[PDB]
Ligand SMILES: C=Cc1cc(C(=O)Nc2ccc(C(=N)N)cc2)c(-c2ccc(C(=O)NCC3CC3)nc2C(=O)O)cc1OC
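Only one chain is given next, in structure tokens, and it is the form solved without this ligand.
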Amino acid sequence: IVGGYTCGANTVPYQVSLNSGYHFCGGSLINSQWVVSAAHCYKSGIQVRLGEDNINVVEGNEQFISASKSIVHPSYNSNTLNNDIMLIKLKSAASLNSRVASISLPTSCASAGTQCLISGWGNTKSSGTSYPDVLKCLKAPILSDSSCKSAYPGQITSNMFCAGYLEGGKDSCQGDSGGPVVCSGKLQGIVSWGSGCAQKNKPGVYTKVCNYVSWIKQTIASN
């Protein structure tokens, strides 16, 4: 399988589903009490769902915990999607185990050509509407900034990166907003946006988490 595939149940134990009566976004557990997602996923009355695979069926490993708090990045711009990052605090601590685990924050930014893992539940179809029920995965390289910016001239900031293939075919667009991009075991990316869907010279665009680590640590410690 070159591209999107079924992860396997609980193979991505940091992966979280944000539910408002339905699954609406992804997010990542970064410690027992906190979740990172995209600021475009901001909503009232989130329930965070951990240990999911099939989000429509109770399979036994789940943990369902209300969000108590959401903090959108102070410089989030919802027009440009610049600084598309939000922190979500859990009402009760998650219970950590094999299937429900934190993902580390990066100590450095990952370089172009680094292979990363992108996960989520969202739409599989570049052309049409098909929403799958178990966790899906994609492995794609981080693209060079030149290649990213040339695909979206005037749209890419320092706080974004692109990942995938310049030919398209394989991408995450609506393919799970707020979901993780993990590279060498560290959280590098958040599924942010992407013009079209797996279009030729239209990659995925991700929030560059390595720019935010000071923000995330300071904010979680003070809240």
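Shifts are known only where both forms have a C-alpha. In this text, rigid core is short for the largest set of C-alphas that superpose within 1.5 Å between two forms. All residue numbers refer to positions in the sequence shown, first residue = 1.
Just so you know, the form deposited with this ligand bound exists too; it's not on screen, but the next bit is about it.
Pocket open vs blocked [this ligand transferred in the deposited bound form by site C-alpha superposition; 2.4 Å, backbone or C-beta, 3 atoms]
Blocked.
Taking any heavy atom pair closer than or equal to 4.5 Å as contact, tell me whether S177 reaches this ligand in the deposited bound form.
Taking the distances in the deposited bound form, the answer for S177 is yes, it comes within 4.5 Å of this ligand.
Using a 4.5 angstroms cut-off on non-hydrogen atoms, would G194 count as touching this ligand in the deposited bound form?
Although this ligand is absent here, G194 would touch it in the deposited bound form, with heavy atoms inside 4.5 Å.
With a cut-off of 4.5 Å between heavy atoms, is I30 one of the residues that contacts this ligand in the deposited bound form?
Outside the cut-off, so no.
Indicate whether this ligand has at least one heavy atom within 4.5 Å of a heavy atom of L87 in the deposited bound form.
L87 lies outside the contact set for this ligand.
Residues in 151-176 close to this ligand in the deposited bound form, defined by a heavy atom within 4.5 Å, in order:
Going through 151-176 in order - heavy atoms within 4.5 Å of this ligand in the deposited bound form - the hits are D171, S172, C173, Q174, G175.
If I superpose on the rigid core and flag every C-alpha moving 2 Å or more, which consecutive runs of 3+ residues come out between the shown form and the other one, in sequence order?
That run whose C-alphas all shift by 2 Å or more is 1-3, the only one.
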